[PDB]
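Peer 1: My structure is stored as start15.cif, with mmCIF, N, CA and C atoms.
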```cif
data_upload
loop_
_atom_site.label_atom_id
_atom_site.label_comp_id
_atom_site.auth_asym_id
_atom_site.auth_seq_id
_atom_site.Cartn_x
_atom_site.Cartn_y
_atom_site.Cartn_z
N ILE A 172 22.43 19.36 -24.34
CA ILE A 172 22.31 19.04 -22.92
C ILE A 172 20.97 19.50 -22.36
N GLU A 173 20.42 20.61 -22.88
CA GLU A 173 19.08 21.02 -22.47
C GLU A 173 18.03 19.99 -22.89
N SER A 174 18.16 19.45 -24.11
CA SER A 174 17.24 18.39 -24.53
C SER A 174 17.36 17.17 -23.61
N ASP A 175 18.60 16.80 -23.27
CA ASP A 175 18.80 15.67 -22.36
C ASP A 175 18.17 15.94 -21.00
N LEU A 176 18.30 17.17 -20.50
CA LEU A 176 17.70 17.52 -19.22
C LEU A 176 16.18 17.41 -19.26
N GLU A 177 15.57 17.86 -20.36
CA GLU A 177 14.12 17.70 -20.51
C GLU A 177 13.72 16.23 -20.47
N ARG A 178 14.45 15.39 -21.21
CA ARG A 178 14.16 13.95 -21.20
C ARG A 178 14.27 13.38 -19.79
N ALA A 179 15.34 13.73 -19.08
CA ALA A 179 15.55 13.20 -17.73
C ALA A 179 14.44 13.64 -16.79
N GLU A 180 14.02 14.91 -16.89
CA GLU A 180 12.96 15.41 -16.03
C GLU A 180 11.66 14.66 -16.26
N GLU A 181 11.29 14.45 -17.53
CA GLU A 181 10.06 13.73 -17.81
C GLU A 181 10.13 12.29 -17.31
N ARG A 182 11.27 11.62 -17.54
CA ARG A 182 11.43 10.24 -17.07
C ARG A 182 11.30 10.16 -15.56
N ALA A 183 11.93 11.10 -14.84
CA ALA A 183 11.88 11.08 -13.39
C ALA A 183 10.47 11.34 -12.87
N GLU A 184 9.76 12.29 -13.48
CA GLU A 184 8.39 12.56 -13.05
C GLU A 184 7.52 11.31 -13.22
N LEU A 185 7.65 10.64 -14.36
CA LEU A 185 6.91 9.40 -14.58
C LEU A 185 7.26 8.36 -13.52
N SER A 186 8.56 8.20 -13.24
CA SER A 186 8.99 7.19 -12.28
C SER A 186 8.47 7.49 -10.88
N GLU A 187 8.50 8.77 -10.48
CA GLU A 187 8.01 9.14 -9.15
C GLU A 187 6.51 8.90 -9.03
N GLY A 188 5.74 9.25 -10.06
CA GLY A 188 4.32 8.95 -10.03
C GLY A 188 4.05 7.46 -9.91
N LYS A 189 4.79 6.65 -10.68
CA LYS A 189 4.62 5.21 -10.60
C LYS A 189 4.97 4.68 -9.22
N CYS A 190 6.04 5.21 -8.62
CA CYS A 190 6.44 4.77 -7.28
C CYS A 190 5.37 5.11 -6.25
N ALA A 191 4.78 6.30 -6.34
CA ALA A 191 3.71 6.66 -5.41
C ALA A 191 2.51 5.74 -5.57
N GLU A 192 2.13 5.44 -6.82
CA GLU A 192 1.00 4.53 -7.04
C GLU A 192 1.30 3.15 -6.47
N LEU A 193 2.52 2.65 -6.68
CA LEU A 193 2.88 1.33 -6.17
C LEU A 193 2.90 1.31 -4.65
N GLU A 194 3.34 2.41 -4.01
CA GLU A 194 3.28 2.49 -2.56
C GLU A 194 1.84 2.41 -2.06
N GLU A 195 0.94 3.15 -2.71
CA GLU A 195 -0.48 3.07 -2.35
C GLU A 195 -0.99 1.64 -2.46
N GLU A 196 -0.68 0.98 -3.58
CA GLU A 196 -1.15 -0.39 -3.79
C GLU A 196 -0.55 -1.33 -2.75
N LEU A 197 0.71 -1.11 -2.37
CA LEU A 197 1.33 -1.93 -1.34
C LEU A 197 0.62 -1.78 -0.01
N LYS A 198 0.26 -0.54 0.35
CA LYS A 198 -0.46 -0.34 1.61
C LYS A 198 -1.81 -1.04 1.59
N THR A 199 -2.54 -0.94 0.48
CA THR A 199 -3.82 -1.65 0.37
C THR A 199 -3.63 -3.16 0.49
N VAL A 200 -2.63 -3.70 -0.21
CA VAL A 200 -2.39 -5.14 -0.17
C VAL A 200 -1.98 -5.57 1.23
N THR A 201 -1.23 -4.73 1.94
CA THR A 201 -0.83 -5.06 3.31
C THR A 201 -2.03 -5.10 4.24
N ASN A 202 -2.96 -4.15 4.10
CA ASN A 202 -4.19 -4.20 4.89
C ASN A 202 -4.96 -5.48 4.61
N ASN A 203 -5.12 -5.83 3.33
CA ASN A 203 -5.81 -7.07 2.99
C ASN A 203 -5.09 -8.28 3.57
N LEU A 204 -3.75 -8.27 3.52
CA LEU A 204 -2.96 -9.39 4.02
C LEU A 204 -3.14 -9.57 5.52
N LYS A 205 -3.13 -8.47 6.28
CA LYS A 205 -3.28 -8.60 7.72
C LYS A 205 -4.70 -9.02 8.09
N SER A 206 -5.71 -8.54 7.35
CA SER A 206 -7.07 -9.03 7.59
C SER A 206 -7.17 -10.53 7.34
N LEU A 207 -6.57 -11.02 6.25
CA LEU A 207 -6.62 -12.45 5.97
C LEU A 207 -5.80 -13.25 6.98
N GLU A 208 -4.70 -12.68 7.48
CA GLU A 208 -3.94 -13.35 8.54
C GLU A 208 -4.78 -13.50 9.80
N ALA A 209 -5.51 -12.45 10.17
CA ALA A 209 -6.44 -12.56 11.29
C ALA A 209 -7.46 -13.66 11.05
N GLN A 210 -8.05 -13.69 9.85
CA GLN A 210 -9.02 -14.72 9.51
C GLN A 210 -8.42 -16.12 9.67
N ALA A 211 -7.20 -16.31 9.16
CA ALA A 211 -6.54 -17.60 9.25
C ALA A 211 -6.27 -17.99 10.70
N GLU A 212 -5.88 -17.02 11.53
CA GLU A 212 -5.63 -17.32 12.94
C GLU A 212 -6.92 -17.75 13.64
N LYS A 213 -8.03 -17.08 13.34
CA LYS A 213 -9.32 -17.51 13.88
C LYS A 213 -9.64 -18.93 13.45
N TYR A 214 -9.47 -19.24 12.16
CA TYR A 214 -9.75 -20.59 11.68
C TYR A 214 -8.88 -21.62 12.39
N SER A 215 -7.60 -21.29 12.60
CA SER A 215 -6.71 -22.21 13.30
C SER A 215 -7.18 -22.45 14.73
N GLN A 216 -7.61 -21.38 15.41
CA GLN A 216 -8.12 -21.53 16.77
C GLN A 216 -9.32 -22.46 16.81
N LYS A 217 -10.30 -22.23 15.92
CA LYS A 217 -11.49 -23.07 15.91
C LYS A 217 -11.14 -24.52 15.59
N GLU A 218 -10.25 -24.74 14.62
CA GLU A 218 -9.85 -26.10 14.27
C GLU A 218 -9.15 -26.79 15.43
N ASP A 219 -8.34 -26.05 16.19
CA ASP A 219 -7.69 -26.63 17.36
C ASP A 219 -8.72 -27.03 18.42
N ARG A 220 -9.71 -26.16 18.65
CA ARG A 220 -10.76 -26.50 19.62
C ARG A 220 -11.54 -27.72 19.15
N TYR A 221 -11.81 -27.80 17.84
CA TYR A 221 -12.49 -28.96 17.28
C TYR A 221 -11.70 -30.23 17.54
N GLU A 222 -10.40 -30.20 17.25
CA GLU A 222 -9.58 -31.40 17.45
C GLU A 222 -9.52 -31.80 18.91
N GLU A 223 -9.44 -30.82 19.82
CA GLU A 223 -9.46 -31.14 21.25
C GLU A 223 -10.76 -31.84 21.63
N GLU A 224 -11.89 -31.32 21.15
CA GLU A 224 -13.17 -31.97 21.45
C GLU A 224 -13.25 -33.36 20.82
N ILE A 225 -12.69 -33.52 19.62
CA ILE A 225 -12.67 -34.83 18.96
C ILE A 225 -11.90 -35.84 19.79
N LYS A 226 -10.71 -35.46 20.27
CA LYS A 226 -9.92 -36.41 21.05
C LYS A 226 -10.59 -36.72 22.39
N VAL A 227 -11.25 -35.72 23.00
CA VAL A 227 -11.99 -35.98 24.23
C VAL A 227 -13.09 -37.01 23.99
N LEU A 228 -13.89 -36.80 22.94
CA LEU A 228 -14.98 -37.72 22.66
C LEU A 228 -14.46 -39.10 22.25
N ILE B 172 23.70 24.16 -16.52
CA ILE B 172 22.80 23.19 -17.13
C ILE B 172 23.28 21.76 -16.90
N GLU B 173 24.59 21.52 -17.00
CA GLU B 173 25.11 20.18 -16.77
C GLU B 173 24.94 19.77 -15.31
N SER B 174 25.11 20.72 -14.38
CA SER B 174 24.86 20.40 -12.98
C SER B 174 23.40 20.02 -12.77
N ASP B 175 22.48 20.76 -13.40
CA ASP B 175 21.07 20.43 -13.29
C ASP B 175 20.80 19.05 -13.88
N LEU B 176 21.41 18.74 -15.03
CA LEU B 176 21.22 17.43 -15.64
C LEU B 176 21.72 16.32 -14.73
N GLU B 177 22.86 16.54 -14.08
CA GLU B 177 23.40 15.52 -13.18
C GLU B 177 22.47 15.28 -12.00
N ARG B 178 21.93 16.36 -11.42
CA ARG B 178 20.99 16.18 -10.32
C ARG B 178 19.73 15.47 -10.79
N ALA B 179 19.24 15.83 -11.98
CA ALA B 179 18.05 15.20 -12.53
C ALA B 179 18.25 13.71 -12.76
N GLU B 180 19.40 13.33 -13.31
CA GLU B 180 19.66 11.91 -13.53
C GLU B 180 19.75 11.17 -12.20
N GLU B 181 20.50 11.71 -11.23
CA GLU B 181 20.60 11.04 -9.93
C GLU B 181 19.21 10.82 -9.35
N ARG B 182 18.38 11.85 -9.39
CA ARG B 182 17.02 11.75 -8.86
C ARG B 182 16.23 10.69 -9.61
N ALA B 183 16.42 10.60 -10.93
CA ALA B 183 15.73 9.56 -11.70
C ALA B 183 16.15 8.17 -11.24
N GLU B 184 17.46 7.93 -11.07
CA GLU B 184 17.87 6.59 -10.63
C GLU B 184 17.37 6.27 -9.23
N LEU B 185 17.40 7.25 -8.32
CA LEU B 185 16.92 6.94 -6.97
C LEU B 185 15.44 6.57 -7.00
N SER B 186 14.63 7.30 -7.78
CA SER B 186 13.21 6.96 -7.84
C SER B 186 13.01 5.61 -8.53
N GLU B 187 13.83 5.30 -9.53
CA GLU B 187 13.68 4.03 -10.25
C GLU B 187 14.05 2.85 -9.36
N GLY B 188 15.13 2.99 -8.58
CA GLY B 188 15.51 1.93 -7.66
C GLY B 188 14.48 1.72 -6.57
N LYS B 189 13.94 2.82 -6.02
CA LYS B 189 12.87 2.66 -5.04
C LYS B 189 11.66 1.98 -5.65
N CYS B 190 11.36 2.29 -6.92
CA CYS B 190 10.24 1.65 -7.60
C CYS B 190 10.49 0.16 -7.79
N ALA B 191 11.70 -0.22 -8.19
CA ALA B 191 12.02 -1.63 -8.38
C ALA B 191 11.96 -2.41 -7.07
N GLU B 192 12.48 -1.82 -5.99
CA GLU B 192 12.38 -2.47 -4.69
C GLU B 192 10.93 -2.61 -4.25
N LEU B 193 10.12 -1.58 -4.52
CA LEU B 193 8.70 -1.66 -4.22
C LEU B 193 8.02 -2.77 -5.01
N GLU B 194 8.40 -2.93 -6.28
CA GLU B 194 7.80 -3.97 -7.11
C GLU B 194 8.18 -5.37 -6.63
N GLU B 195 9.44 -5.58 -6.25
CA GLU B 195 9.83 -6.90 -5.76
C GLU B 195 9.15 -7.20 -4.42
N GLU B 196 9.01 -6.18 -3.56
CA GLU B 196 8.24 -6.37 -2.34
C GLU B 196 6.79 -6.72 -2.66
N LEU B 197 6.21 -6.06 -3.66
CA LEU B 197 4.85 -6.36 -4.09
C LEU B 197 4.70 -7.81 -4.50
N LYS B 198 5.62 -8.31 -5.33
CA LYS B 198 5.45 -9.68 -5.82
C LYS B 198 5.70 -10.71 -4.72
N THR B 199 6.64 -10.44 -3.81
CA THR B 199 6.82 -11.34 -2.67
C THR B 199 5.59 -11.36 -1.78
N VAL B 200 4.99 -10.19 -1.54
CA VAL B 200 3.77 -10.14 -0.74
C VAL B 200 2.61 -10.83 -1.45
N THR B 201 2.57 -10.77 -2.79
CA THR B 201 1.54 -11.49 -3.52
C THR B 201 1.72 -13.01 -3.41
N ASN B 202 2.97 -13.48 -3.47
CA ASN B 202 3.24 -14.88 -3.16
C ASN B 202 2.70 -15.25 -1.79
N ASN B 203 3.04 -14.46 -0.77
CA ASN B 203 2.60 -14.76 0.59
C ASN B 203 1.08 -14.73 0.69
N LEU B 204 0.45 -13.81 -0.04
CA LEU B 204 -1.01 -13.69 -0.02
C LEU B 204 -1.67 -14.93 -0.60
N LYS B 205 -1.19 -15.40 -1.75
CA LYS B 205 -1.75 -16.61 -2.33
C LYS B 205 -1.52 -17.81 -1.41
N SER B 206 -0.35 -17.88 -0.78
CA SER B 206 -0.06 -18.98 0.13
C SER B 206 -1.03 -19.00 1.31
N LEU B 207 -1.26 -17.83 1.93
CA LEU B 207 -2.17 -17.79 3.07
C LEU B 207 -3.62 -17.98 2.64
N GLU B 208 -3.98 -17.58 1.42
CA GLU B 208 -5.31 -17.85 0.91
C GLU B 208 -5.55 -19.35 0.80
N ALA B 209 -4.60 -20.07 0.21
CA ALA B 209 -4.72 -21.53 0.12
C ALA B 209 -4.75 -22.15 1.51
N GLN B 210 -3.93 -21.63 2.43
CA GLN B 210 -3.91 -22.14 3.80
C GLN B 210 -5.28 -22.00 4.45
N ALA B 211 -5.88 -20.81 4.35
CA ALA B 211 -7.19 -20.57 4.96
C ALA B 211 -8.27 -21.44 4.33
N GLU B 212 -8.20 -21.63 3.01
CA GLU B 212 -9.14 -22.55 2.36
C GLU B 212 -9.02 -23.95 2.94
N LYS B 213 -7.78 -24.42 3.13
CA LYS B 213 -7.58 -25.76 3.67
C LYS B 213 -8.06 -25.85 5.11
N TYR B 214 -7.83 -24.80 5.91
CA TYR B 214 -8.32 -24.82 7.28
C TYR B 214 -9.84 -24.87 7.34
N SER B 215 -10.52 -24.12 6.46
CA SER B 215 -11.98 -24.16 6.44
C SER B 215 -12.49 -25.54 6.04
N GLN B 216 -11.86 -26.15 5.02
CA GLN B 216 -12.26 -27.49 4.61
C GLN B 216 -12.06 -28.49 5.75
N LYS B 217 -10.92 -28.42 6.43
CA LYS B 217 -10.66 -29.32 7.55
C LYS B 217 -11.64 -29.07 8.69
N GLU B 218 -12.04 -27.82 8.91
CA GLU B 218 -13.01 -27.51 9.96
C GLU B 218 -14.35 -28.17 9.67
N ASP B 219 -14.85 -28.00 8.44
CA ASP B 219 -16.08 -28.69 8.04
C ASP B 219 -15.95 -30.20 8.24
N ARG B 220 -14.88 -30.79 7.69
CA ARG B 220 -14.66 -32.23 7.80
C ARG B 220 -14.71 -32.68 9.26
N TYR B 221 -14.01 -31.96 10.13
CA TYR B 221 -13.96 -32.32 11.54
C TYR B 221 -15.32 -32.16 12.19
N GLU B 222 -16.13 -31.22 11.69
CA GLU B 222 -17.49 -31.08 12.20
C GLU B 222 -18.31 -32.35 11.95
N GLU B 223 -18.32 -32.84 10.70
CA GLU B 223 -19.12 -34.06 10.51
C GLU B 223 -18.47 -35.25 11.21
N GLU B 224 -17.13 -35.26 11.30
CA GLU B 224 -16.45 -36.35 12.00
C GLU B 224 -16.87 -36.39 13.47
N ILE B 225 -16.92 -35.23 14.13
CA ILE B 225 -17.28 -35.21 15.54
C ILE B 225 -18.75 -35.55 15.73
N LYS B 226 -19.61 -35.14 14.78
CA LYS B 226 -21.01 -35.55 14.87
C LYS B 226 -21.14 -37.08 14.83
N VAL B 227 -20.45 -37.71 13.87
CA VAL B 227 -20.51 -39.17 13.75
C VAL B 227 -19.92 -39.82 15.00
N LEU B 228 -18.85 -39.24 15.54
CA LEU B 228 -18.23 -39.78 16.75
C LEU B 228 -19.18 -39.72 17.93
#
```
Show me the file's structure as structure tokens.
Peer 2:
Amino acid sequence: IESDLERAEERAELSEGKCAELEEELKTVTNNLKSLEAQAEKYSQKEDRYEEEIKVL
Amino acid sequence: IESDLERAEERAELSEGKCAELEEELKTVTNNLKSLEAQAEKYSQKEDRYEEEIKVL
């Protein structure tokens, strides 16, 4: 049972480290995603203004 | 020792489940990221197109 406890402790430490790394990567990806969402919203605004001017002309 | 092993295993499963949920969130967000990337590319192409269209108009 002591050997089993050692195995479990090592497995859990590995899993916790991996989870922390994945959380960091998720936060970075979320920042990138919101920046690109802002970019897309700007593009949509400009395209809408373009279409309005097109229909006016 | 068995009590310690039981706590260690429980902690391992909780960290593993949080890791798996984090991974599925990661892949769903990557899907959304690729989708919005393609969307923004299409908006930029349409913006250019509409620019020359309005010039000709």
Peer 1: Per residue of chain A within 6.5 Å of chain B, record the nearest atom pair and its distance in Å to one decimal, counting only N, CA and C atoms, with rows in chain order and ascending residue number, as CSV.
Peer 2:
```
residue,atom,partner,partner_atom,distance
A:172,C,B:172,C,6.3
A:175,C,B:176,CA,6.3
A:176,CA,B:176,CA,5.0
A:179,C,B:179,C,5.5
A:180,N,B:179,CA,5.9
A:182,C,B:183,CA,5.9
A:183,CA,B:183,CA,4.5
A:186,C,B:186,C,5.4
A:187,N,B:186,CA,5.7
A:189,C,B:190,CA,6.3
A:190,CA,B:190,CA,4.9
A:197,CA,B:197,CA,6.3
A:204,CA,B:204,CA,6.2
A:211,CA,B:211,CA,5.3
A:214,C,B:214,CA,6.1
A:215,N,B:214,CA,6.4
A:218,CA,B:218,CA,5.5
A:225,CA,B:225,CA,5.8
A:228,C,B:228,C,6.4
```
Peer 1: One decimal, in Å: what's the spacing between atom N of residue 227 of chain A and atom N of residue 209 of chain B?
Peer 2: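 Interatomic distance here is 28.4 Å.
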Peer 1: On all C-alpha atoms matched in order, how well does chain A superpose onto chain B? Give the RMSD in Å.
Peer 2: 1.6 Å
Peer 1: Would you compute the distance between atom C of residue 199 of chain A and atom N of residue 216 of chain A? Give it in Å to one decimal.
Peer 2: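 Separation of atom C of residue 199 of chain A and atom N of residue 216 of chain A: 23.9 Å.
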Peer 1: In Å, how far is it from atom CA of residue 206 of chain A to atom CA of residue 223 of chain B?
Peer 2: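 Going from atom CA of residue 206 of chain A over to atom CA of residue 223 of chain B, I get 27.9 Å.
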Peer 1: Filtering to N, CA, C and O atoms, could segment 193-204 of chain A of the supplied structure be written out as a tab-separated table (two decimals), in the first residue's frame?
Peer 2:
```
chain	number	residue	atom	x	y	z
A	193	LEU	N	-2.34	23.86	-18.69
A	193	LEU	CA	-3.48	23.99	-19.59
A	193	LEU	C	-4.32	25.21	-19.25
A	193	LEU	O	-4.86	25.87	-20.14
A	194	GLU	N	-4.46	25.52	-17.95
A	194	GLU	CA	-5.17	26.75	-17.57
A	194	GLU	C	-4.45	27.99	-18.09
A	194	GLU	O	-5.09	28.91	-18.61
A	195	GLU	N	-3.12	28.02	-17.97
A	195	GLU	CA	-2.36	29.14	-18.52
A	195	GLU	C	-2.60	29.27	-20.02
A	195	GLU	O	-2.85	30.37	-20.54
A	196	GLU	N	-2.52	28.15	-20.74
A	196	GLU	CA	-2.71	28.18	-22.18
A	196	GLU	C	-4.13	28.62	-22.54
A	196	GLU	O	-4.33	29.34	-23.52
A	197	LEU	N	-5.12	28.21	-21.75
A	197	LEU	CA	-6.49	28.64	-21.98
A	197	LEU	C	-6.63	30.14	-21.82
A	197	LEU	O	-7.32	30.80	-22.60
A	198	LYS	N	-5.99	30.71	-20.79
A	198	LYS	CA	-6.07	32.16	-20.60
A	198	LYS	C	-5.44	32.90	-21.78
A	198	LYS	O	-5.99	33.89	-22.28
A	199	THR	N	-4.28	32.42	-22.24
A	199	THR	CA	-3.65	33.05	-23.40
A	199	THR	C	-4.54	32.96	-24.64
A	199	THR	O	-4.71	33.94	-25.38
A	200	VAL	N	-5.12	31.78	-24.88
A	200	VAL	CA	-5.98	31.59	-26.04
A	200	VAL	C	-7.22	32.47	-25.94
A	200	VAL	O	-7.71	32.99	-26.94
A	201	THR	N	-7.74	32.65	-24.72
A	201	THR	CA	-8.91	33.51	-24.53
A	201	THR	C	-8.58	34.97	-24.84
A	201	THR	O	-9.39	35.68	-25.45
A	202	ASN	N	-7.41	35.44	-24.40
A	202	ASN	CA	-6.99	36.79	-24.76
A	202	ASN	C	-6.89	36.95	-26.27
A	202	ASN	O	-7.38	37.94	-26.84
A	203	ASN	N	-6.25	35.99	-26.94
A	203	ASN	CA	-6.16	36.05	-28.40
A	203	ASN	C	-7.54	36.04	-29.04
A	203	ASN	O	-7.80	36.77	-30.01
A	204	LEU	N	-8.45	35.22	-28.50
A	204	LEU	CA	-9.79	35.10	-29.06
A	204	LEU	C	-10.55	36.42	-28.93
A	204	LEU	O	-11.24	36.83	-29.87
```
